[PDB]
Amino acid sequence: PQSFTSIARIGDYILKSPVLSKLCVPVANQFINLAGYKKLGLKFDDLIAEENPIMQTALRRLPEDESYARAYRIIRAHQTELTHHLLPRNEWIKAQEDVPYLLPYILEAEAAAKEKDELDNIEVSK
Amino acid sequence: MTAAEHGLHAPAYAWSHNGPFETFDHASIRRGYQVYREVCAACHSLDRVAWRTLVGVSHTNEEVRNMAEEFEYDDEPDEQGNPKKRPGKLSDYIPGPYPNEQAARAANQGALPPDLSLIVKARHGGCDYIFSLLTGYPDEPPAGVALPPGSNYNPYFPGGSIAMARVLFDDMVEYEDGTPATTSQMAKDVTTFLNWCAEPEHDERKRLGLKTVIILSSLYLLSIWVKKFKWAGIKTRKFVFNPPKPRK
Amino acid sequence: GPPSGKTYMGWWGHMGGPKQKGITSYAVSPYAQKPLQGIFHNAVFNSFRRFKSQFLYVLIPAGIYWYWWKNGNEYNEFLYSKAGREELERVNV
Amino acid sequence: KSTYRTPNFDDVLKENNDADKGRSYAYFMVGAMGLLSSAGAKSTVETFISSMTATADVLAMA
Amino acid sequence: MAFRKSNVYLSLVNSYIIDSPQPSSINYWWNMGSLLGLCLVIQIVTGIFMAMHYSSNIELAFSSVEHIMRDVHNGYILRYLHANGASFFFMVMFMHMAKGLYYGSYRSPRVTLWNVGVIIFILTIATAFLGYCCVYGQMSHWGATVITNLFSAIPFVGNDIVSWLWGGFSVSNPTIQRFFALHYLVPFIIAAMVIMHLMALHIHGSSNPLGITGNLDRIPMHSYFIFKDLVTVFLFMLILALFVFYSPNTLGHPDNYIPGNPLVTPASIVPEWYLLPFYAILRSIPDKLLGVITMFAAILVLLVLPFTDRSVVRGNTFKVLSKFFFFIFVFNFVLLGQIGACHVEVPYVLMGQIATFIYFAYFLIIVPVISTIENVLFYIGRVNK
Amino acid sequence: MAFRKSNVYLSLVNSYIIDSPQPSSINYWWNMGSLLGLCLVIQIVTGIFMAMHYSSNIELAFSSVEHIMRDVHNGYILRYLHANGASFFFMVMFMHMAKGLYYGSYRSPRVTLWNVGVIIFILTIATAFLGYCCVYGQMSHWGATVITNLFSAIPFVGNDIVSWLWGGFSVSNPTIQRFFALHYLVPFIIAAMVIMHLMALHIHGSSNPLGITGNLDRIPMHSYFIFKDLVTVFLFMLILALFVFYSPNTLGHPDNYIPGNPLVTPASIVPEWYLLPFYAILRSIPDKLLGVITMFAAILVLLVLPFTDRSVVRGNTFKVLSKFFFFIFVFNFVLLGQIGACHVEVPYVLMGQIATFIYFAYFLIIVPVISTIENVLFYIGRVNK
Amino acid sequence: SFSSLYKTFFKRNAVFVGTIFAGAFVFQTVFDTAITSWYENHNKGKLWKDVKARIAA
Ligand code: HEM
Ligand code: HEM
Ligand code: HEM
Ligand code: HEM
Ligand code: HEM
Ligand SMILES: COc1c(O)c(C)c(C/C=C(\C)CC/C=C(\C)CC/C=C(\C)CC/C=C(\C)CC/C=C(\C)CCC=C(C)C)c(O)c1OC
Ligand SMILES: COc1c(O)c(C)c(C/C=C(\C)CC/C=C(\C)CC/C=C(\C)CC/C=C(\C)CC/C=C(\C)CCC=C(C)C)c(O)c1OC
Ligand SMILES: CCCCCCCCCCCO[C@@H]1O[C@H](CO)[C@@H](O[C@H]2O[C@H](CO)[C@@H](O)[C@H](O)[C@H]2O)[C@H](O)[C@H]1O
Ligand SMILES: O=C1C(O)=C([C@H]2CC[C@H](c3ccc(Cl)cc3)CC2)C(=O)c2ccccc21
Ligand SMILES: O=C1C(O)=C([C@H]2CC[C@H](c3ccc(Cl)cc3)CC2)C(=O)c2ccccc21
């Protein structure tokens, strides 16, 4: 449960600093390759663990045909994974695809929550 | 750890029984008992072995009945309430040389000779280490090693100082069958006999072991096959995606 | 049966997942296939791929660990040898 | 594509030599496992029961 | 509805073994709990059957086991199976606990599931230890002295606890007799506990070697996994057969065919293998109270794992930096074990010390660090700005 | 929802002990299963604590219990509680089984509920018998001879079974040792079984001293019955305290402070009281095979009770002709017991025989008859034509 | 395993629980036959039977 709102903070910063960005992103790119996951038709937002309220605010909200999309991949994943194989090289999700389709809502919802947390314990000075 | 405190590693002699398919050499066991009887019985108990247990392994029914009765076990009191002896039965356990822990030590400079019944398992290396400590009493305690009064040197014991003096000296046993009653042949036997003593089940144990594996292996391979069959629909199962017109 | 606490699993027809549309599956009877579906031949080109894809992640750490093992091992045999008793009297007290 | 359009199992399916070898091989498989299992299950039981017959050190027919 | 669903008894049977919806994608790692339940059953059957000829009196104790060996019909098979089996129990259980780390099973909603297994693991060590103290060889009488003595580490009352717990001056007769009785009791406690463990498992169902949601492609445990589990089963028995008939003591310490003697500790104190890595950790600490604490802490620390894992995904599967240290952890743990076998000699002590550090640091330090980094690699490794 | 409802563990706790909807009208008879679970717990605690000082070797056996008596701290309290408790277990269990006859609990949908209790009752006799054979006094060694010998009654193989089951020529040492081990095992089987018993109970809920539907006026077990059950509990302990401290053997046979002797049966063979009515039934039959069968049948016959009850209402409560014979049944059963204590002298044998008849006739004959009549009294005793 | 040689006995159904147990019963003698033979042979000369042979008393 390291927060997405928190990964935003850190990863935005690094993306902005042309200093940092040039150092980090090569590796990060190298990383999201060695993961293996785009070879099981998986976009990264598929991987995010869901058994928690925020993601269930964030999937109830996710556009229909978008969820049908997720779905097919997630089943394609399992299916292949169980065949103990990797997909036909040209079925792999391509580097431009791995887009944070979910991340707004996760962020949208995280935001909303932290707000309510605050507004439940908002104190008073007289 | 200094190689002196450890003791020298006994080597991998090639015993009759080493291997997954190897019964003991019962002829060998038969010899060890004599090598046992005449030599080491003088000091060493073999209490968890019973006369009957010999029958069918090293001897024949009377052969063991004979040995058995050469000793007077205690026996239930007469009508008056006074003790009595009696010879042994096959139902008995081969009696120790000493009447208690003390006289065992009295007779050995205060050493307590280990009961041997379990020796080939109560030691690392075991068969080898037994052979080697018995054929490894070298002539003199190596340059510099200063040995206490009533203690010998052995590289195979830890820190060499063994309270048991050498005991195998060629031919001291008259090998009844008529084999070279050497020391490396007097020894190799009492080892094979002492092996038995700590692991009597032995030949059956590999017998049954054989069956267990052959059946169990086959089940393993058989099970595998079966599995791919019941999975065959899921393994070769194949999906397809067709996005659907936006209206719901 | 009292109320049950909500989870992230249900049973068939209410398994818990999102509302599937679009996928279409196909399969074939386990009777209706070659006994030995795909064995040897090209099914083994993977027994070296399922190997390659990972071995480093085990070997590298196994390596680090097995050489570190061998080292102080050697080092111990030394300081407990003749040639070593010197260093011992120093390292050890 | 159309949904009727049927994917390829020509690799997996057997040639029409016999639509009955993929059954016969399986049953001798399942069956010889069945056999041996039982045969083992039998012995396993036999073993623990006979654990209770008179210990080797009693039968004092005296 | 069908009967197996309708019946009060068969409905459980069905819903945990026949009709259970498993992720379609889970592999042979998951066959471990199955094979775990199988050992517990092998432990309990062979144990009872042996107890029928066992005597827990400090005299007859060592001998009676020899009795089971020399005399009882198939009795040697009873012993070598009990003993070798306890080991395989422990291997399989480590592999089961491994699997849980690697794929990050310990991770919500499965915390309680996880936590309970930590209780089971504790009870299995407690159990197997007592069963060892019941042979009453050398390793037994001195094993039983030290574990009883861990309690002295307790401020003030500690010695008395030990005295109590001993029922007298030393690990004596009222000791082996209670150690036998408690050895009977406890395995039913494990089984009791295996049930809550399986209940937790049940309300969330198993995870997958992909750490995504199962709820889109479930299949029923019968007949796939029932048959899948049967493959690991036979294989399990095979290696166990191998040891039991051919290598019955390639896993035990020869010091234990020596009748226990309260005046004379041996000079080769190697404890059980599955125990070694803890012996190591214990020794690594030149302080008594702290050393004890750190040994116990070596197991408890396992409970922080769902908090310190900072990640956003369950599973080392798509996790290179995670995989890597995960196998440093495994391999450390084995080394730690090698350290347990060797004498408190140099550099071994200092090697021991370093592994121990690596050990706790892996839960407490490496993991939350790495996983936080790994979150950030996952962000910048794609998005625009 | 509330946590106790939501939790995987506390939800059971709640739904079987806190939030359970009981009929509003049930009386102190129903406090028996509660008090039943309490004995089983008293049996298991005190047993284990005693086993820690028990030796099951045929020599040390009789003495070791004296050891528990003379030496172990509070050990006499351990014994008198184990033993007197076993009795109260059996009383309470009869009263529990009584209640089930009288109010016709055995009656659908509660058949399985009922049936399982017949299994429990069987296992409790099996259990307590073995626990007796473990004292190894006189009554013990001869008790253990006869029960082992019931198996000879089995055609052909029967003697061998007995030989096996003995582990040798006589009830010897491999016998008391297995009888100890099986005494450990079985109580967990009762507890296992008490769980299915409580599961059956659960899906239908308790009946009422009115044999009508509960579903119109339920109240929750907490806090009424939890507190109600607490009244019978203390009362239970009181009488048990009374025996345990003041009348510790007002329930046992003095022949049992005599060390068992395999050559010499006593000449006062009174067996345990809760067992007597069966001893009676057994003796009543001058044939060996048939006699055995009829003894076992004395318990099995209890399984027909839901078929032979022909009635249209559950409960003797509104049932005069039913009440009446129901207490002939109770009172027969007690007499049968008195017969067990007396010698096979006259007219006792012939009295024994008649009771035995009355016994089975009550299930098999009186009940379906009476109940069918009683249906018809209920019709013509109102309607016009 | 050949489709002819199998289907002869069992046509197009598996083995039947009782036929299994029957085979089991037979197999169990046929096996303990073979294996106990091959083992007594493999260890020829070594068995106390072979040693009872030469040795006289
Ligand atoms: C086949 C002949 C014999 C064998 C195989 C044998 C074997 C052994 C073994 C295995 C030990 C154990 C030491 C260890 O491994 O830690 C031992 C010790 C001893 N033996 Fe023997 N023995 C034999 C004959 C004798 C004889 C003839 C005597 C005296 C008459 C004797 C007196 C002793 C004594 C006093 C010890 C105690 C040594 C110690 O405590 O280190 N043994 N023997
Ligand atoms: C008596 C010992 C044990 C038994 C009988 C047992 C049983 C099982 C079974 C049957 C499963 C389902 C199959 C599988 O997922 O492997 C499982 C999974 C699991 N076990 Fe255990 N286990 C035991 C020990 C442990 C221990 C010692 C732990 C932790 C310290 C643990 C934690 C878990 C967790 C978290 C899962 C879920 C795995 C997943 O998501 O796939 N278990 N266990
Ligand atoms: C979780 C289950 C169990 C574990 C892990 C376990 C562990 C052990 C171990 C390690 C030993 C020493 C084995 C040896 O080296 O000889 C032992 C011995 C023994 N156990 Fe168990 N045990 C378990 C269950 C049981 C049960 C249910 C009984 C029922 C009576 C039992 C009875 C005995 C007896 C009589 C011995 C002494 C004979 C022997 O050592 O083989 N055990 N146990
Ligand atoms: C270990 C022994 C037993 C335990 C722990 C036990 C437990 C219970 C409990 C807690 C109840 C609920 C309270 C009550 O209704 O009394 C109950 C009721 C019942 N028991 Fe048992 N019982 C035992 C023995 C038996 C036996 C021996 C039988 C039959 C042979 C039996 C059959 C029934 C039936 C049919 C009910 C339902 C009673 C009703 O409708 O009120 N039980 N039992
Ligand atoms: C349903 C549960 C139980 C019943 C009905 C039962 C019954 C009995 C009986 C009737 C006796 C003879 C008592 C005497 O006259 O001295 C006995 C003895 C004994 N029982 Fe149990 N028992 C049960 C559970 C247990 C348990 C769980 C243990 C655990 C070790 C145990 C251990 C013993 C021991 C060591 C004795 C001999 C000492 C003595 O007789 O008091 N029992 N049992
Ligand atoms: C969610 O995913 C799952 C899953 O849920 C399950 C269940 C399995 C299958 C796993 C299991 C079925 C494991 C279950 C484990 C147990 C049931 C262990 C419980 C064992 C006990 C409680 C032991 C109790 C034993 C006894 C009472 C036997 C003792 C009786 C004796 C000794 C009688 C002998 C005495 C005499 C005198 C003859 C999976 O493979 C799986 O993966 C996909
Ligand atoms: C439908 O109507 C009901 C109803 O359902 C219930 C539940 C009750 C209440 C009844 C109960 C709660 C009965 C429940 C009975 C049980 C729970 C019995 C189960 C007992 C066991 C399973 C025993 C198991 C015991 C142990 C494991 C303890 C052993 C531990 C030991 C010995 C540790 C000590 C050892 C050392 C070394 C310290 C009613 O009164 C009632 O009537 C209105
Ligand atoms: C725990 C101890 C276990 C001991 C060993 C167990 C041995 C199990 C043997 C059981 C054999 O059970 C056997 O299973 C086969 C399926 O393979 C059944 O076959 C049944 O389904 C098959 C399809 O699979 C059909 O061809 C057939 O018409 C039908 O009868 C058959 O009715 C039964 O006879
Ligand atoms: O000195 C010890 C010793 O310290 C242990 C150790 C092994 C690990 C034990 C342990 C206890 C509890 C847990 Cl949760 C983990 C390990 C503690 C005792 C032994 O097992 C041992 C065996 C035989 C002789 C001496 C000894
Ligand atoms: O002869 C017997 C005898 O027959 C029983 C009887 C008592 C009832 C037993 C019984 C066994 C099983 C059931 Cl299901 C019911 C009762 C059978 C043995 C004894 O309990 C007994 C005790 C002491 C000495 C002799 C004897």
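Residues numbered from 1 in each chain as written, not as in the entry; some residues may be left out. Chains lettered and ligands numbered in written order. Part of a larger assembly, values for the part shown. Heavy atoms only, no water.

### A few points about the overall build of chain A
Rule in force here: Numbering goes from the N terminus for both helices and strands, where a helix is a DSSP run of H or I of at least four residues and a strand is a run of E of at least two. We take the radius of gyration over the C-alpha atoms and set the globule estimate at 2.2 Å times the residue count to the 0.38 power. In this scheme, a residue with accessible area under 20% of its type's maximum is buried, one over 50% is exposed, and one in between is partly exposed, where area comes from a 1.4 Å probe on protein chains only. Here a residue-residue contact requires only that any non-hydrogen atoms of the pair lie within 4.5 Å. In this description, accessible areas are obtained by the Shrake-Rupley approach with a 1.4 Å probe, and a residue is regarded as covered only by the protein chains that are shown.
Counting secondary structure elements, chain A contains six helices and zero strands. Taken against the 2.2 N^0.38 rule, which gives 14 Å for 126 residues, the C-alpha radius of gyration of chain A at 18 Å runs more than 25% over that of a compact globule. C-alpha atoms of chain A, sized along the principal axes, occupy 65 × 40 × 20 Å. Out of the 126 residues belonging to chain A, those deemed buried represent 49%. A fraction of 76% describes how many contacts in chain A between residues 6 or more apart in sequence connect residues 24 or more apart. When the accessible surface of chain A is split by element, carbon and sulfur atoms take 57% of a total near 7,000 Å².

### Here we look at the environment of A:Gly41
All names here are of chain A. Relative to the helices and strands, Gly41 is located in the loop between α2 (18-34) and α3 (44-47). For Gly41, a relative accessible area of 0% puts it in the buried group. Contacts of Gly41, omitting those with residues within four sequence positions, involve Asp46, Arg73, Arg76, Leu87 and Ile93.

### Quick notes on the site of ligand 3
Residue and element names in this part refer to chain E. Stated precisely, the cut-off is as follows: Any residue with at least one heavy atom within 4 Å of a molecule or strand is counted as near it. By the criterion applied in these results, polar contacts are pairs of N or O atoms within 3.5 Å in which, for protein atoms, one can donate a hydrogen and the other can accept it, and in which residues neighboring in sequence qualify only through two side-chain atoms. All amino acids are sorted into three groups, where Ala, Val, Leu, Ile, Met, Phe, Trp, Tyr, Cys and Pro are nonpolar, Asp, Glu, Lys and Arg are charged, and the leftover types, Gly among them, are polar.
In the vicinity of ligand 3, 23 residues are found, and the nearest of them are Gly47, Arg79, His82, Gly131 and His183. The side chain of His82 places a nitrogen or oxygen atom 2.6 Å from a nitrogen atom of ligand 3. Interatomic distance of 2.8 Å between a side-chain N/O atom of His183 and a nitrogen atom of ligand 3. Residue composition of the shell around ligand 3, grouped by class: 16 nonpolar, six polar and one charged.

### Description of the coordination of the iron atom of ligand 3
Where we set the bar: In this description, a donor is an N, O or S atom within 2.8 Å of the metal centre, a cutoff extended to 3.2 Å for sodium, potassium and calcium. Water is not part of the atom list, which can make sites seem incomplete.
All of the protein donors around the iron atom of ligand 3 are E:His82 (NE2) and E:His183 (NE2); their distances to the metal are 1.9 to 2.0 Å. Overall, the relative accessible area of 17% leaves E:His183 in the buried class.

### Digging into unusual backbone geometry
Of note, the bond from E:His222 into E:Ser223 is cis; its omega dihedral lies within 30 degrees of zero at 10°. For E:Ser223, the location among the structural elements is in the loop between β2 (218-220) and α10 (224-246). The backbone phi angle of B:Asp171 is positive, close to 80°, even though this residue is not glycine. Here B:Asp171 lies in the loop between α6 (127-134) and α7 (186-198). We classify B:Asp171 as exposed; its relative accessible area is 53%.

### What to know about the UniProt feature "binding site: a ubiquinone" in chain E
For the record, the criterion: UniProt positions are given in the numbering used here, feature names are shortened, and annotations may be inferred rather than shown by experiment.
The UniProt feature table records "binding site: a ubiquinone" at E:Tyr16 and E:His202. Taken together, the annotated residues stretch across 187 residues yet fold into one region, lying no more than 7.4 Å apart by C-alpha. The topology assignment puts E:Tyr16 in the loop between α2 (10-14) and β1 (21-23). By relative accessible area, E:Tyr16 is classed as partly exposed at 27%. For E:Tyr16, the residues in contact, after removing those within four places along its chain, are E:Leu198, E:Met199, E:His202 and E:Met221. Turning to its location among the elements, E:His202 is positioned in helix α9 (residues 173-202). Its relative accessible area of 18% is what places E:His202 among the buried residues. Discounting chain neighbours no more than four positions away, the residues touching E:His202 are C:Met9, C:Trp11, E:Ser15 and E:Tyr16. At 2.5 Å, the side chain of E:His202 and the backbone oxygen of E:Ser15 are in polar contact.

### Let's talk about the arrangement of the chains
Contacts are most numerous between chains A and E, taken over all 14 pairs of chains that touch. Chain F makes no contact with chain B, the minimum C-alpha separation between the two being 15 Å. Across the gap from chain C to chain G, with no contact made, the nearest C-alpha atoms are 12 Å apart.

### Considering the interface of chain A and chain E
Cut-off, in case you're wondering: Summed over both partners, the accessible surface that disappears when two parts come together, traced with a 1.4 Å probe, is what is meant by buried area. Just to be clear on terms, a salt bridge is a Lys or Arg side-chain nitrogen sitting within 4 Å of an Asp or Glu carboxyl oxygen.
Between chain A and chain E, the contact holds 43 residues from the first and 37 residues from the second. Summing the contributions of chain A and of chain E, the shared interface buries around 3,700 Å²; its carbon and sulfur component is 71%. Together, A:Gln2, A:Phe31 and A:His78 form the three largest contributors to the area buried by chain A at its contact with chain E, with a combined 19%. Counting the contacts that link chain A with chain E gives three salt bridges. A:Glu51 serves as the salt-bridge partner of E:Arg314, at 2.4 Å between the closest nitrogen and oxygen. Counting every contact that joins chain A to chain E gives 10 residue pairs in polar contact. For the side of chain A that touches chain E, the elements supplying multiple residues, two or more each, are α1 (4-16), α2, α3 and α5 (64-83) of chain A. By residue number, the principal contributor to the side of chain A that touches chain E is α1(A), which donates eight residues.

### A few points about the interface of chain D and chain F
With seven residues of chain D at the interface, the matching set in chain F holds five residues. Approximately 550 Å² of surface area, both sides summed, lies buried where chain D meets chain F, with 74% of it carried by carbon and sulfur atoms. Summed over the three residues of chain D that lose the most area to chain F, namely D:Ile49, D:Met52 and D:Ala54, the buried surface amounts to 62% of that side. Our enumeration of links across chain D and chain F arrives at zero salt bridges. Along the contact surface separating chain D from chain F lie two residue pairs in polar contact. Of the residues that constitute the side of chain D that touches chain F, the class distribution is five nonpolar, two polar and no charged.

### Notes on the coordination of the iron atom of ligand 1
All names here are of chain B. Spelled out, the test is: Between 85 and 135 degrees for all angles marks four donors as tetrahedral; over 155 degrees for opposite donors together with 65 to 115 for all other angles marks four donors as square planar and six as octahedral; every other arrangement is irregular.
Only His44 (NE2) and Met164 (SD) from the protein coordinate the iron atom of ligand 1, and they sit 2.1 to 2.2 Å from it. Of note is the iron atom of ligand 1, whose six donor atoms meet at the metal with angles of 84 to 178° in an arrangement that counts as octahedral. You can see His44 sitting in the loop between α2 (26-38) and α3 (51-54) and its partner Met164 sitting in the loop between α6 and α7, a full 120 residues away along the chain.

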